[PDB]
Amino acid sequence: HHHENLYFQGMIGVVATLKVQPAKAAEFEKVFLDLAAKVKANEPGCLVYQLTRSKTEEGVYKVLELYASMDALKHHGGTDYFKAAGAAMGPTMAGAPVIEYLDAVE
């Protein structure tokens, strides 16, 4: 049906493009890696959570993420450590994030 895009029932991919101030990259990476270790350790529904750096745009990062389900993604976005990390990261940002959700094909 035409509202199918709202809730894919399979795995959910994400490319999160983050624009970080280059001078604050070290700070950003430390907070992010600490978050990622928590995500991987605590969330069985998070299948991939991988920070990467752009090769061409200064201070740009792309996070590759994969979740088992919408339920796993909903949980992910609401944890106290996710919220704390976001608060710690915000001041390092140069611009608004661009998040793209994708339907994983299996």
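Numbers follow the displayed sequence, beginning with 1.
Of all the options 14, 23, 89, 94, the entry's greatest CA B-factor is assigned to 89.
In this PDB entry, the Cα temperature factor of residue 48 sits in the middle third of its chain's modelled residues. Sort the chain's modelled residues by C-alpha temperature factor and residue 40 lands in the highest third, per the entry.
Among all modelled residues in this chain, the alpha-carbon of residue 70 has a temperature factor (C-alpha) in the highest third. Remark: residue 4 belongs to the highest third of its chain, ranked by C-alpha B-factor as recorded. Compared with the other modelled residues of the chain, the Cα B-factor recorded for residue 27 ranks in the middle third.
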